[PDB]
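Undergrad: Take a look at this one; I'll ask things after.
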Amino acid sequence: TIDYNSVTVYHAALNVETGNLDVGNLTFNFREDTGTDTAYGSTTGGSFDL
Amino acid sequence: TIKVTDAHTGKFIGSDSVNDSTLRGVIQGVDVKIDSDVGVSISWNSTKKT
Amino acid sequence: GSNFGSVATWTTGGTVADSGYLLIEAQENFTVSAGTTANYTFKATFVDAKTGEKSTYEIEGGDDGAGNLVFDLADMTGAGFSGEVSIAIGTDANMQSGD
């Protein structure tokens, strides 16, 4: 009934004015189910815009 | 010269250059006084007697 | 501050622990760059990209003959790297506290 997987990814940035450090997170949800014949899994590639 | 930073994150908060050793107007609603005899080394010159 | 450039260069054969971000912060000021072996202090901090932990260490680096700052990643204890790294600063470089 539709499944998903959760992936946490950190990303950091630095401002040029105050000297503080930014460390944020995004959690991607990866889609339901793919795969060849019962071996390990599958996924397609590409690029998208947040 | 005074530099203030947080104790668990380390993000920059403020800095000052003072003469009378009173840190005023950087931490909201509180004024901080630092003793005048902090961080000085004393010696005696006998060739010039000063 | 004053004028000091950028650009880091490797030495072939180094080994990297994992993908992450590294911060190098100054400790003391100097503008006596005219060609001399020397050493000065820095603070280094590492953050990972998969768990977000943070590690803080002390390090040292020195100029050799002109506008180059060579560091040693070997002293990142616990985490652990190998190889060298060279920051191409340039001649007539004044280094203040906080850059």
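Residues are named by chain letter and number: chains run A, B, ... in the order of the structure tokens, numbers start at 1 in each chain, and ligands are numbered from 1 in the order shown.
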Using only C-alpha atoms, select each residue of chain B with any atom at most 9 Å away from an atom of chain A, and give the selection as a PyMOL selection string.
TA: chain B and resi 10-13
Undergrad: Where does chain C meet chain B within 12 Å, residue by residue, with the nearest atom pair and distance in Å to one decimal for each, counting only C-alpha atoms, listed by chain and rising number, as a Markdown table?
TA:
| residue | atom | partner | partner_atom | distance |
| --- | --- | --- | --- | --- |
| C:45 | CA | B:10 | CA | 11.7 |
| C:54 | CA | B:9 | CA | 10.6 |
| C:56 | CA | B:10 | CA | 11.6 |
| C:97 | CA | B:3 | CA | 11.7 |
| C:98 | CA | B:12 | CA | 11.1 |
Undergrad: Put those residues in a file: C-alpha atoms, as a PDB file, in the first residue's frame.
TA:
ATOM      1  CA  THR C  45      37.099  21.068  13.262  1.00  0.00           C
ATOM      2  CA  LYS C  54      31.666  17.286  15.312  1.00  0.00           C
ATOM      3  CA  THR C  56      37.751  19.619  17.448  1.00  0.00           C
ATOM      4  CA  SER C  97      42.914  36.580  14.098  1.00  0.00           C
ATOM      5  CA  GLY C  98      39.603  35.246  12.794  1.00  0.00           C
TER       6      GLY C  98
END
Undergrad: Determine which residues of chain A DSSP labels as strand (DSSP E) from the backbone of this structure, then write them out as a list in words.
TA: residues 5, 6, 7, 8, 9, 10, 11, 12, 13, 14, 21, 22, 23, 24, 25, 26, 27, 28, 29 and 30 of chain A
Undergrad: I'd like the neighbourhood of segment 4-15 of chain A as a PyMOL selection string, where a residue qualifies if any of its atoms comes within 8 Å (using only C-alpha atoms), though same-chain residues fewer than 6 positions away should be ignored.
TA: (chain A and resi 21-32) or (chain C and resi 21+48-52)
Undergrad: Could you turn the residues from that selection into a file that holds C-alpha atoms, as an mmCIF file, in the first residue's frame?
TA:
data_model
loop_
_atom_site.group_PDB
_atom_site.id
_atom_site.type_symbol
_atom_site.label_atom_id
_atom_site.label_comp_id
_atom_site.auth_asym_id
_atom_site.auth_seq_id
_atom_site.Cartn_x
_atom_site.Cartn_y
_atom_site.Cartn_z
ATOM 1 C CA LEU A 21 28.593 27.900 10.795
ATOM 2 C CA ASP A 22 25.268 26.555 9.497
ATOM 3 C CA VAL A 23 24.632 22.795 9.631
ATOM 4 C CA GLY A 24 21.218 21.697 8.365
ATOM 5 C CA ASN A 25 19.558 18.438 7.378
ATOM 6 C CA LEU A 26 17.269 17.118 4.660
ATOM 7 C CA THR A 27 15.418 13.803 4.787
ATOM 8 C CA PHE A 28 14.745 12.307 1.377
ATOM 9 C CA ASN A 29 11.948 9.758 1.016
ATOM 10 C CA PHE A 30 12.911 7.066 -1.491
ATOM 11 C CA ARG A 31 10.116 5.352 -3.371
ATOM 12 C CA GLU A 32 8.186 2.112 -2.996
ATOM 13 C CA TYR C 21 33.440 19.406 5.893
ATOM 14 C CA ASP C 48 30.489 14.447 8.842
ATOM 15 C CA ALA C 49 27.832 14.287 6.134
ATOM 16 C CA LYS C 50 25.946 11.154 7.264
ATOM 17 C CA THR C 51 25.658 11.461 11.066
ATOM 18 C CA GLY C 52 26.578 15.091 11.739
#
Undergrad: Mind checking which residues fall within 9 Å of segment 7-15 of chain C, counting only C-alpha atoms, ignoring those fewer than 5 positions away in the same chain, and posting them as a list in words?
TA: residues 80, 81, 82, 83, 84, 85, 86, 87, 88 and 89 of chain C
Undergrad: Please, what distance in Å, to one decimal, runs between atom CA of residue 18 of chain C and atom CA of residue 43 of chain C?
TA: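 Separation of atom CA of residue 18 of chain C and atom CA of residue 43 of chain C: 19.9 Å.
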Undergrad: I want to know what sits within 12 Å of residue 33 of chain B, based on only C-alpha atoms, with residues of the same chain fewer than 5 positions away left out; could you give that as a list in words?
TA: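 Within the cut-off, the hits are residues 2, 18, 19, 20, 21, 22, 23, 24 and 38 of chain B.
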Undergrad: What is the atom CA of residue 27 of chain B to atom CA of residue 14 of chain B distance in Å?
TA: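 Rounded to one decimal, the two atoms are 8.5 Å apart.
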Undergrad: Which residue gives the smallest distance to chain A among C:94, C:31, C:19, C:37, with only C-alpha atoms counted?
TA: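 Selected residue with least distance to chain A: C:19.
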Undergrad: Determine the nearest neighbour of chain A from the options C:30, C:46, C:57, C:71, counting only C-alpha atoms.
TA: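 Distance minimum relative to chain A lands on C:46.
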Undergrad: Ranking C:99, C:92, C:39, C:78 by minimum distance to chain A and counting only C-alpha atoms, which one comes first?
TA: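 Using only C-alpha atoms, chain A sits closest to C:99.
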Undergrad: Considering only C-alpha atoms, can you say which of C:69, C:47, C:38, C:16 comes closest to chain A?
TA: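 With only C-alpha atoms as the atom set, the closest residue is C:47.
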